[PDB]
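Pasting start12.cif here (mmCIF, C-alpha atoms and all ligand atoms):
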data_final
#
loop_
_atom_site.label_atom_id
_atom_site.label_comp_id
_atom_site.auth_asym_id
_atom_site.auth_seq_id
_atom_site.Cartn_x
_atom_site.Cartn_y
_atom_site.Cartn_z
CA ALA O 108 73.35 80.30 94.06
CA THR O 109 71.96 83.60 92.82
CA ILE O 110 74.48 86.05 91.38
CA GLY O 111 74.97 89.21 93.42
CA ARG O 112 75.53 92.62 91.77
CA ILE O 113 77.70 95.47 93.06
CA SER O 114 76.94 98.99 91.83
CA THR O 115 79.95 100.88 90.46
CA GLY O 116 78.55 104.25 91.52
CA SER O 117 77.81 105.13 87.91
CA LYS O 118 74.33 104.37 86.55
CA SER O 119 75.80 104.47 83.05
CA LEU O 120 78.44 101.86 83.83
CA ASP O 121 75.98 99.80 85.88
CA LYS O 122 73.66 99.59 82.85
CA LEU O 123 76.53 98.51 80.60
CA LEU O 124 77.33 95.73 83.09
CA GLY O 125 73.72 94.55 83.45
CA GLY O 126 73.26 96.01 86.92
CA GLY O 127 76.77 96.07 88.33
CA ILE O 128 79.81 93.83 88.72
CA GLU O 129 78.87 90.18 89.34
CA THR O 130 79.77 87.71 92.07
CA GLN O 131 80.90 84.28 90.80
CA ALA O 132 82.85 86.12 88.12
CA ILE O 133 86.14 87.81 87.38
CA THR O 134 85.66 91.28 85.90
CA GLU O 135 88.84 92.56 84.26
CA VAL O 136 89.25 96.23 83.43
CA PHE O 137 91.83 97.09 80.73
CA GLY O 138 93.26 100.50 79.90
CA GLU O 139 96.32 102.71 79.62
CA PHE O 140 98.04 104.33 82.60
CA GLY O 141 95.76 107.03 84.01
CA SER O 142 92.55 105.57 82.60
CA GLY O 143 90.92 105.31 86.04
CA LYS O 144 91.17 101.57 86.77
CA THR O 145 92.36 102.08 90.36
CA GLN O 146 89.68 104.73 91.01
CA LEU O 147 87.04 102.16 90.01
CA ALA O 148 88.65 99.66 92.41
CA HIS O 149 88.57 102.15 95.30
CA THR O 150 84.93 102.99 94.52
CA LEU O 151 83.86 99.33 94.43
CA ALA O 152 85.64 98.68 97.74
CA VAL O 153 83.19 101.18 99.25
CA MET O 154 80.04 100.37 97.23
CA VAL O 155 80.16 96.67 98.14
CA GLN O 156 79.75 97.59 101.82
CA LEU O 157 76.38 99.29 101.21
CA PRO O 158 73.19 97.31 101.90
CA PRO O 159 71.48 95.62 98.89
CA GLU O 160 68.81 98.32 98.40
CA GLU O 161 71.60 100.89 97.93
CA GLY O 162 73.56 98.75 95.43
CA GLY O 163 75.92 96.80 97.70
CA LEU O 164 76.16 93.37 99.35
CA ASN O 165 76.90 94.22 103.01
CA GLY O 166 80.27 92.77 102.17
CA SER O 167 83.85 92.72 103.37
CA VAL O 168 86.74 93.30 100.98
CA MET O 169 90.14 91.74 100.35
CA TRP O 170 92.65 93.78 98.34
CA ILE O 171 95.91 92.60 96.74
CA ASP O 172 98.05 95.59 95.64
CA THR O 173 101.06 95.10 93.34
CA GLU O 174 101.89 98.78 92.67
CA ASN O 175 101.48 100.49 96.08
CA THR O 176 98.44 102.36 94.71
CA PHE O 177 95.90 101.68 97.49
CA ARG O 178 95.04 104.94 99.30
CA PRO O 179 93.14 104.63 102.62
CA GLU O 180 92.32 108.34 102.55
CA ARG O 181 90.64 108.00 99.15
CA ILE O 182 88.51 105.22 100.67
CA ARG O 183 87.58 107.46 103.60
CA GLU O 184 86.65 110.26 101.20
CA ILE O 185 84.43 108.05 99.04
CA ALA O 186 82.74 106.48 102.07
CA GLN O 187 81.83 109.87 103.53
CA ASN O 188 80.01 110.87 100.33
CA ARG O 189 78.15 107.60 99.87
CA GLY O 190 76.41 107.66 103.24
CA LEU O 191 78.82 105.34 105.07
CA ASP O 192 81.24 105.73 108.01
CA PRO O 193 84.88 106.06 106.83
CA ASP O 194 86.45 104.21 109.78
CA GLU O 195 84.09 101.21 109.58
CA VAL O 196 84.59 100.99 105.82
CA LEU O 197 88.39 100.89 106.14
CA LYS O 198 88.12 98.27 108.88
CA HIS O 199 86.35 95.96 106.42
CA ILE O 200 89.13 96.09 103.81
CA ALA O 201 91.83 93.44 104.35
CA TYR O 202 94.90 94.74 102.56
CA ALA O 203 98.07 93.06 101.35
CA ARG O 204 100.91 94.17 99.11
CA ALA O 205 102.22 91.55 96.72
CA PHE O 206 106.03 91.59 96.67
CA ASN O 207 106.36 89.67 93.37
CA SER O 208 104.18 87.41 91.21
CA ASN O 209 104.88 84.28 93.29
CA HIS O 210 103.87 86.04 96.51
CA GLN O 211 100.82 87.40 94.66
CA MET O 212 99.82 83.82 93.84
CA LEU O 213 100.33 82.75 97.46
CA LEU O 214 98.21 85.65 98.81
CA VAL O 215 95.23 84.30 96.86
CA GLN O 216 95.60 80.98 98.68
CA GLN O 217 95.96 82.87 101.98
CA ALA O 218 92.81 84.87 101.27
CA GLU O 219 90.70 81.72 101.44
CA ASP O 220 91.34 81.46 105.17
CA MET O 221 89.71 84.83 105.92
CA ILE O 222 86.98 84.16 103.35
CA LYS O 223 86.07 80.95 105.21
CA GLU O 224 86.15 82.74 108.55
CA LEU O 225 83.73 85.48 107.51
CA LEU O 226 81.51 83.35 105.26
CA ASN O 227 78.59 82.83 107.60
CA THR O 228 78.88 86.14 109.43
CA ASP O 229 76.84 89.22 108.52
CA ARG O 230 79.79 90.73 106.57
CA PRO O 231 81.10 87.89 104.37
CA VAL O 232 83.83 88.75 101.87
CA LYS O 233 82.06 89.82 98.69
CA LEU O 234 84.86 91.54 96.72
CA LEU O 235 88.46 90.51 96.03
CA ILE O 236 90.55 93.09 94.16
CA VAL O 237 93.83 92.36 92.40
CA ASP O 238 95.42 95.61 91.22
CA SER O 239 97.40 94.93 89.08
CA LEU O 240 96.74 91.40 87.84
CA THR O 241 99.65 91.42 85.42
CA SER O 242 102.26 94.02 86.45
CA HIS O 243 104.62 91.58 88.22
CA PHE O 244 104.16 88.94 85.49
CA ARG O 245 105.13 91.55 82.90
CA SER O 246 108.28 92.64 84.68
CA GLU O 247 109.54 89.19 85.73
CA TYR O 248 109.00 86.98 82.69
CA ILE O 249 111.36 88.46 80.12
CA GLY O 250 113.57 86.68 77.58
CA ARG O 251 113.68 83.52 75.47
CA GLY O 252 111.43 80.85 76.95
CA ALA O 253 109.71 83.21 79.39
CA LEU O 254 106.37 83.53 77.59
CA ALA O 255 105.24 79.91 78.00
CA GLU O 256 106.10 80.04 81.70
CA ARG O 257 104.46 83.41 82.32
CA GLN O 258 101.29 82.17 80.67
CA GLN O 259 101.19 78.92 82.64
CA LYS O 260 101.60 80.77 85.94
CA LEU O 261 98.99 83.39 85.03
CA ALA O 262 96.54 80.65 83.98
CA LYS O 263 97.00 78.95 87.35
CA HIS O 264 96.51 82.28 89.14
CA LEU O 265 93.30 83.03 87.25
CA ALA O 266 92.05 79.50 87.97
CA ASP O 267 92.65 80.07 91.70
CA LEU O 268 90.69 83.33 91.51
CA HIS O 269 87.79 81.76 89.60
CA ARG O 270 87.57 79.06 92.27
CA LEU O 271 87.24 81.62 95.10
CA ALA O 272 84.68 83.59 93.11
CA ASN O 273 82.55 80.52 92.40
CA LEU O 274 82.96 78.55 95.63
CA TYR O 275 82.36 81.49 97.98
CA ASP O 276 80.08 83.76 95.90
CA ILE O 277 82.56 86.65 95.59
CA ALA O 278 83.06 89.27 92.89
CA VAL O 279 86.66 89.28 91.73
CA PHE O 280 87.77 92.58 90.19
CA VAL O 281 91.15 92.86 88.51
CA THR O 282 93.07 95.53 86.62
CA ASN O 283 95.33 95.14 83.58
CA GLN O 284 97.46 97.96 82.15
CA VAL O 285 97.75 98.26 78.38
CA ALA O 309 88.25 87.23 82.87
CA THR O 310 84.62 86.24 82.62
CA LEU O 311 84.09 89.87 81.60
CA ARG O 312 86.49 92.33 79.96
CA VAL O 313 85.95 96.07 80.10
CA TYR O 314 88.06 98.55 78.17
CA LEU O 315 88.45 101.92 79.92
CA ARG O 316 89.90 105.14 78.45
CA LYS O 317 90.18 108.81 79.43
CA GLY O 318 88.41 111.22 77.08
CA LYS O 319 87.63 114.91 76.72
CA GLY O 320 87.01 116.93 79.88
CA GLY O 321 88.48 114.14 81.97
CA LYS O 322 85.46 111.97 81.29
CA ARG O 323 86.03 108.22 81.40
CA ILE O 324 84.53 105.96 78.74
CA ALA O 325 83.94 102.23 79.17
CA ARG O 326 83.18 99.57 76.55
CA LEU O 327 82.63 95.81 76.86
CA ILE O 328 84.94 93.53 74.88
CA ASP O 329 83.76 90.45 72.96
CA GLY O 336 77.07 100.93 73.72
CA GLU O 337 79.54 102.83 75.88
CA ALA O 338 79.19 104.08 79.44
CA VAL O 339 80.55 107.46 80.49
CA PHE O 340 81.41 108.74 83.96
CA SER O 341 83.49 111.20 85.97
CA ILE O 342 85.93 110.73 88.83
CA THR O 343 84.65 112.68 91.84
CA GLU O 344 84.63 112.81 95.64
CA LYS O 345 81.95 110.10 95.43
CA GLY O 346 84.38 107.78 93.62
CA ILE O 347 82.76 107.71 90.19
CA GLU O 348 79.39 109.02 89.00
CA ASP O 349 77.59 109.87 85.74
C1 LIG X 1 106.37 95.44 97.25
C2 LIG X 1 106.26 95.02 98.72
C3 LIG X 1 107.11 95.59 99.66
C4 LIG X 1 107.02 95.21 101.00
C5 LIG X 1 106.09 94.26 101.39
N1 LIG X 1 105.78 93.72 102.56
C6 LIG X 1 104.79 92.85 102.38
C7 LIG X 1 104.46 92.83 101.09
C8 LIG X 1 105.24 93.69 100.44
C9 LIG X 1 105.33 94.07 99.10
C1 LIG X 2 95.19 90.45 105.85
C2 LIG X 2 95.21 89.68 104.53
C3 LIG X 2 95.55 88.33 104.53
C4 LIG X 2 95.57 87.62 103.34
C5 LIG X 2 95.24 88.26 102.15
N1 LIG X 2 95.17 87.84 100.89
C6 LIG X 2 94.80 88.87 100.13
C7 LIG X 2 94.63 89.94 100.89
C8 LIG X 2 94.90 89.60 102.14
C9 LIG X 2 94.88 90.31 103.34
#

The structure in this file should be written as structure tokens.
Ligand SMILES: Cc1ccc2[nH]ccc2c1
Ligand SMILES: Cc1ccc2[nH]ccc2c1
Amino acid sequence: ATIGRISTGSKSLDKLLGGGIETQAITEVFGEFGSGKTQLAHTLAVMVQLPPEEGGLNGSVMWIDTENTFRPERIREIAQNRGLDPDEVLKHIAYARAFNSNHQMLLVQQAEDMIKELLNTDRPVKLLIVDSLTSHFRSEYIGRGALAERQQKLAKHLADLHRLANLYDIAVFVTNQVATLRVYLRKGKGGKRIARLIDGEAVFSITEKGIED
């Protein structure tokens, strides 16, 4: 099945990514606190809902939040400035807070039910966000013997995500505070954000349109 490509809102970043973030893939953004990872997530949750000729996939969204950082009003704001209706856009984001890492893993299995339901409708799920992929795993797996167990659980979680991405043609987008594709993000001068691929650089600003050049 052809890979779909979701515009980030930044032409610079889109170019770096080869046209946008890919379906049938997990794109992992890395960066320090305040780098803009969650702003990119909010922007993508809007962009994906655009028609293909405007950089989207006419898609629905599922969002797993581990840090209570999802902001419906930010979504409304971005939607308004991208030519979309803020209420309709929010309606197409299925939102869940993950209580701990085990519940986070279960929510991915739960997501498949809605994915199946919407699959052959005109608004299939096309983006699954996990923000943050690792925050619960970091806080819970501490002490002698914990590392091997943390890593096994995280591997299983990533495998579950890859399966949804590949089986249902979805872009999975995850954040990691300091992957088929790893992107390092950092805040620079004048509040500009700079992105680099791991294993040129794109530059963008955070604005009322989400992100743009
Ligand atoms: C952190 C947190 C708190 C309350 C919740 N209810 C459902 C999920 C969830 C997660
Ligand atoms: C409503 C809903 C149900 C299951 C889910 N899994 C991930 C997000 C999510 C949202």

_Nearest residue to ligand LIG 1 (chain X) from the set O:315, O:213, O:232, O:222 (distances using all atoms listed in the file)_ =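 Between O:315, O:213, O:232, O:222, the residue approaching ligand LIG 1 (chain X) most closely is O:213.
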
Compile the contact shell of residue 203 (chain O) as a PDB file with C-alpha atoms, in the frame of the given file: residues with an atom at most 10 Å away, counting all atoms listed in the file, same-chain residues fewer than 2 positions apart removed.
ATOM      1  CA  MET O 169      90.140  91.740 100.350  1.00  0.00           C
ATOM      2  CA  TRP O 170      92.650  93.780  98.340  1.00  0.00           C
ATOM      3  CA  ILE O 171      95.910  92.600  96.740  1.00  0.00           C
ATOM      4  CA  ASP O 172      98.050  95.590  95.640  1.00  0.00           C
ATOM      5  CA  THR O 173     101.060  95.100  93.340  1.00  0.00           C
ATOM      6  CA  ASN O 175     101.480 100.490  96.080  1.00  0.00           C
ATOM      7  CA  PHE O 177      95.900 101.680  97.490  1.00  0.00           C
ATOM      8  CA  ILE O 200      89.130  96.090 103.810  1.00  0.00           C
ATOM      9  CA  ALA O 201      91.830  93.440 104.350  1.00  0.00           C
ATOM     10  CA  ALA O 205     102.220  91.550  96.720  1.00  0.00           C
ATOM     11  CA  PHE O 206     106.030  91.590  96.670  1.00  0.00           C
ATOM     12  CA  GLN O 211     100.820  87.400  94.660  1.00  0.00           C
ATOM     13  CA  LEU O 214      98.210  85.650  98.810  1.00  0.00           C
ATOM     14  CA  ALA O 218      92.810  84.870 101.270  1.00  0.00           C
ATOM     15  CA  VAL O 237      93.830  92.360  92.400  1.00  0.00           C
TER      16      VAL O 237
END

_Rounded to one decimal, what separation in Å do you get between CA of residue 186 (chain O) and CA of residue 151 (chain O)?_
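Pair CA of residue 186 (chain O) / CA of residue 151 (chain O) returns 10.5 Å.
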
*Restricting the calculation to only C-alpha atoms, which member of O:122, O:204, O:112, O:233 is positioned closest to residue 168 (chain O)?*
O:233

Residues within 10 Å of residue 247 (chain O), only C-alpha atoms, excluding chain neighbours under 6 positions, as a short mmCIF file (atom, residue, chain, number, x, y, z; two decimals) with C-alpha atoms, in the coordinates of the input:
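Writing done, so here's out_11.cif:
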data_model
loop_
_atom_site.label_atom_id
_atom_site.label_comp_id
_atom_site.auth_asym_id
_atom_site.auth_seq_id
_atom_site.Cartn_x
_atom_site.Cartn_y
_atom_site.Cartn_z
CA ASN O 207 106.36 89.67 93.37
CA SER O 208 104.18 87.41 91.21
CA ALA O 253 109.71 83.21 79.39
CA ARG O 257 104.46 83.41 82.32
#

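Using all atoms listed in the file for every distance, the candidate list O:184, O:135, O:219, O:195 yields O:219 as the residue closest to ligand LIG 2 (chain X).
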
*Quick one: pull the distance between CA of residue 124 (chain O) and CA of residue 245 (chain O), Å, one decimal.*
28.1 Å

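Distances here use all atoms listed in the file; by that measure, the residue among O:159, O:242, O:130, O:180 closest to ligand LIG 1 (chain X) is O:242.
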
Coordinates of region 116-148 of chain O, N, CA and C atoms, as a CSV table (one decimal), in the first residue's frame:
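result.csv, written as the output of this step:
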chain,number,residue,atom,x,y,z
O,116,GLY,N,3.2,21.5,8.5
O,116,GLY,CA,2.9,22.9,8.5
O,116,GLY,C,4.1,23.8,8.2
O,117,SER,N,5.3,23.2,8.3
O,117,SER,CA,6.5,23.9,7.9
O,117,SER,C,7.1,23.3,6.6
O,118,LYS,N,7.3,24.1,5.6
O,118,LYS,CA,7.8,23.6,4.3
O,118,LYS,C,9.3,23.1,4.5
O,119,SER,N,10.0,23.8,5.4
O,119,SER,CA,11.3,23.4,5.8
O,119,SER,C,11.4,22.0,6.4
O,120,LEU,N,10.6,21.8,7.4
O,120,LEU,CA,10.5,20.5,8.0
O,120,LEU,C,10.0,19.4,7.1
O,121,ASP,N,9.0,19.8,6.3
O,121,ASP,CA,8.5,18.8,5.3
O,121,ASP,C,9.6,18.3,4.4
O,122,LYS,N,10.4,19.3,3.9
O,122,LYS,CA,11.5,18.9,3.0
O,122,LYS,C,12.5,17.9,3.6
O,123,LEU,N,12.8,18.2,4.9
O,123,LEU,CA,13.7,17.4,5.7
O,123,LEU,C,13.2,16.0,5.7
O,124,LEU,N,11.9,15.9,5.9
O,124,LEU,CA,11.2,14.6,6.1
O,124,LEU,C,10.8,13.9,4.8
O,125,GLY,N,11.1,14.5,3.6
O,125,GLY,CA,10.8,13.9,2.3
O,125,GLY,C,9.4,14.1,1.9
O,126,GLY,N,8.7,15.1,2.5
O,126,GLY,CA,7.4,15.5,2.1
O,126,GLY,C,6.4,15.6,3.2
O,127,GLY,N,6.8,15.1,4.4
O,127,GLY,CA,5.9,15.1,5.6
O,127,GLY,C,6.1,13.8,6.4
O,128,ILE,N,5.4,13.6,7.5
O,128,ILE,CA,5.5,12.4,8.3
O,128,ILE,C,4.8,11.3,7.6
O,129,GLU,N,5.4,10.1,7.6
O,129,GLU,CA,4.9,8.9,6.8
O,129,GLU,C,3.9,8.0,7.6
O,130,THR,N,2.9,7.5,6.9
O,130,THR,CA,2.1,6.4,7.4
O,130,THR,C,3.0,5.2,7.3
O,131,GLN,N,2.5,4.1,8.0
O,131,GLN,CA,3.3,2.8,8.0
O,131,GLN,C,4.7,3.1,8.6
O,132,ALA,N,4.8,4.0,9.6
O,132,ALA,CA,6.0,4.4,10.2
O,132,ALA,C,5.8,5.0,11.6
O,133,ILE,N,6.8,4.8,12.4
O,133,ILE,CA,6.8,5.6,13.7
O,133,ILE,C,7.9,6.7,13.6
O,134,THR,N,7.4,7.9,13.7
O,134,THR,CA,8.3,9.0,13.7
O,134,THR,C,8.5,9.5,15.1
O,135,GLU,N,9.7,9.5,15.6
O,135,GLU,CA,10.0,9.8,17.0
O,135,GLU,C,10.8,11.1,17.1
O,136,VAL,N,10.2,12.1,17.7
O,136,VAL,CA,10.9,13.4,17.9
O,136,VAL,C,11.5,13.4,19.3
O,137,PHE,N,12.8,13.8,19.4
O,137,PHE,CA,13.6,13.9,20.6
O,137,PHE,C,13.9,15.3,20.9
O,138,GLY,N,14.0,15.7,22.2
O,138,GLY,CA,14.5,17.0,22.5
O,138,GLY,C,14.3,17.3,24.0
O,139,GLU,N,15.0,18.4,24.4
O,139,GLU,CA,14.8,18.8,25.8
O,139,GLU,C,13.4,19.3,26.1
O,140,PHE,N,13.0,19.4,27.4
O,140,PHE,CA,11.8,20.2,27.8
O,140,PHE,C,11.8,21.5,27.1
O,141,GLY,N,10.7,21.9,26.5
O,141,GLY,CA,10.5,23.2,25.9
O,141,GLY,C,10.9,23.3,24.4
O,142,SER,N,11.3,22.2,23.9
O,142,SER,CA,11.8,22.2,22.5
O,142,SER,C,10.7,22.4,21.5
O,143,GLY,N,9.5,22.0,21.8
O,143,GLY,CA,8.4,22.2,20.9
O,143,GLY,C,7.7,20.9,20.4
O,144,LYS,N,8.1,19.8,21.0
O,144,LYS,CA,7.6,18.5,20.6
O,144,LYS,C,6.1,18.4,20.6
O,145,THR,N,5.5,18.9,21.7
O,145,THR,CA,4.0,18.8,21.9
O,145,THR,C,3.3,19.8,20.9
O,146,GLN,N,4.0,21.0,20.6
O,146,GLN,CA,3.4,21.9,19.6
O,146,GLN,C,3.4,21.2,18.2
O,147,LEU,N,4.4,20.4,17.9
O,147,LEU,CA,4.4,19.7,16.6
O,147,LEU,C,3.2,18.6,16.6
O,148,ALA,N,3.0,18.0,17.7
O,148,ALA,CA,1.9,17.0,17.9
O,148,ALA,C,0.6,17.6,17.6
